[PDB]
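*Asks:* experimental coordinates for this protein are included below, preceded by the sequence.
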Amino acid sequence: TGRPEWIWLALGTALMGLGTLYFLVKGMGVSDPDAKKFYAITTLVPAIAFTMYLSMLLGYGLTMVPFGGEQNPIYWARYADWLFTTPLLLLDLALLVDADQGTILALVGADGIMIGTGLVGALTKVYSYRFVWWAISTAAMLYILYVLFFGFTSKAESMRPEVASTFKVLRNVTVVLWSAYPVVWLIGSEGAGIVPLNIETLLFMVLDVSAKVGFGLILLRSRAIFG
Ligand SMILES: *C/C=C(C)/C=C/C=C(C)/C=C/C1=C(C)CCCC1(C)C
Ligand SMILES: CCCCCCC
Ligand SMILES: CCCCCCC
Ligand SMILES: CCCCCCC
Ligand SMILES: CCCCCC
Ligand SMILES: CCCCCC
């Protein structure tokens, strides 16, 4: 089919793959128990992204949805990725600052709601109702971010300096990167249809690699993950 976005799906496959392999090799060599947990979680993240990026490349996870008088291409496979990857990233953050079980449950619950409503949105046929689901999803996201910013940061300042400092970086990457997703969806093929699907994929590829491989590099190279 040779769809124009394929190139970025192919580069995302390769970046996710390499990052998975690198983290696996590095994880395999660690014996510290606490470090191992971070390695497992953090290797699985780009691994999942890899599979989803590869699938999309090979033309799975793509469906046509009718709205605004057109058949719009929607990659639902991203949601299958983010369903598991986003809460895993939150888990890494939560274990870093030793967050309470209840906070974790709430964050993972809110995250499910973000991704589930984002997907309903993406698949909705009434143009205006697409944006209602988008709004509910953005809300859930903002809850998350609030918690990371106000709750976790506060928790991190009881910890050793390298733990507080590593957390702040990861928190800052997370806030900046995550906050861009809803904007992309809004202006792109799922929303207003302004940014073309080729460029939108580029944007999501950049954000995904940054949010998983970038995040992962900073986390796993830090001294904070040793118990
Ligand atoms: C590795 C992938 C990451 C870190 C993906 C993050 C995705 C989000 C923060 C998605 C947020 C969305 C909304 C807030 C509303 C509309 C739909 C979503 C799912 C793109
Ligand atoms: C009301 C949402 C505010 C989010 C702040 C996150 C840094
Ligand atoms: C404090 C580190 C800055 C990250 C911002 C761009 C991801
Ligand atoms: C992080 C995005 C907040 C809502 C959309 C603003 C254009
Ligand atoms: C104490 C956390 C409650 C979680 C329900 C979403
Ligand atoms: C950031 C998107 C700009 C591409 C042209 C609509």
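*Replies:* Ah, there it is. Numbering: from 1, shown residues only. Ligands and ions are numbered 1, 2, ... in the order given.
*Asks:* for the rest of this, base every contact and every neighbour count on C-alpha atoms.
*Replies:* Noted.
*Asks:* just after the helix or strand containing residue 20, pick out the following helix or strand.
*Replies:* In this assignment (DSSP states H and E), residue 20 forms part of helix 6-28. Beyond helix 6-28 on the C-terminal side, the first helix or strand identified by DSSP H and E is helix 33-57.
*Asks:* what comes up buried for the helix holding residue 20?
*Replies:* The neighbour-count check on helix 6-28 (16 or more other Cα atoms under 10 Å) flags 6, 8-13, 15-20, 23-24, 27 as buried.
*Asks:* what about it and ligand 1, any contact?
*Replies:* No. Helix 6-28 does not reach ligand 1 (Cα under 6 Å from any ligand atom); its nearest approach is 10.3 Å.
*Asks:* just checking, what packs against that helix?
*Replies:* Counting contacts by 3 or more Cα pairs under 8 Å, 6 or more residues apart in numbering; DSSP states H and E, helix 6-28 is packed against helix 33-57, helix 197-209.
*Asks:* figure out how far the longest one is from the centre of its chain.
*Replies:* It stands for helix 33-57. 11 Å (Cα atoms, centre = their mean, to the nearest Å).
*Asks:* ok, and does it reach over to ligand 1?
*Replies:* No. Against ligand 1, helix 33-57 shows no contacts by Cα under 6 Å from any ligand atom, the least distance being 7.4 Å.
*Asks:* list the buried ones in the helix or strand just after that helix?
*Replies:* For helix 33-57, the following helix or strand on the C-terminal side (DSSP H and E) is strand 62-67. The neighbour-count check on strand 62-67 (16+ other Cα under 10 Å) flags 65, 67 as buried.
*Asks:* now do strand 62-67: everything it contacts.
*Replies:* Contact partners of strand 62-67, identified using Cα atoms under 8 Å, 6 or more residues apart in numbering, comprise 56, 71-77, 123-127.
*Asks:* please redo it, this time with the cut-off set to 10 Å
*Replies:* Contacts to strand 62-67, defined as Cα atoms under 10 Å, 6 or more residues apart in numbering, come from residues 55-56, 70-78, 122-128, 130, 190-191.
*Asks:* in helices only, show me those residues.
*Replies:* 55-56, 77-78, 122, 127-128, 130 (DSSP state H).
*Asks:* just the buried members of these?
*Replies:* If we count by 16+ other Cα under 10 Å, the ones in helices among the contacts of strand 62-67 have these buried: 55-56, 77-78, 122, 127, 130.
*Asks:* quick one, what contacts the residue nearest the centre of the chain?
*Replies:* Centroid-nearest residue in the chain, with Cα atoms, centre = their mean: residue 86, separated by 4.4 Å. Contacts here follow Cα under 10 Å, 6+ apart; on that basis residue 86 touches 45, 79, 108, 111-112, 114-115, 178, 211-212.
*Asks:* any chance of TSV for the residues you listed, columns distance to residue 135, neighbour count and secondary structure?
*Replies:* Converted to TSV, the contacts of residue 86 look like this (distance: Cα to Cα, whole Å; neighbours: other Cα atoms under 10 Å; DSSP: H, G, I helix; E, B strand; the rest coil):
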residue	distance to residue 135	neighbour count	secondary structure
45	26	25	helix
79	16	18	helix
108	19	20	helix
111	14	23	helix
112	15	19	helix
114	10	26	helix
115	12	25	helix
178	15	18	helix
211	22	23	helix
212	25	24	helix
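*Asks:* for these, which one is nearest ligand 5?
*Replies:* Here the nearest of these to ligand 5, counting by Cα to the nearest ligand atom, is residue 108; it sits at 7.9 Å.
*Asks:* touching, the closest one and residue 91? I think so.
*Replies:* Yes. Judged on Cα atoms under 10 Å, residue 108 makes contact with residue 91 at a distance of 8.3 Å.
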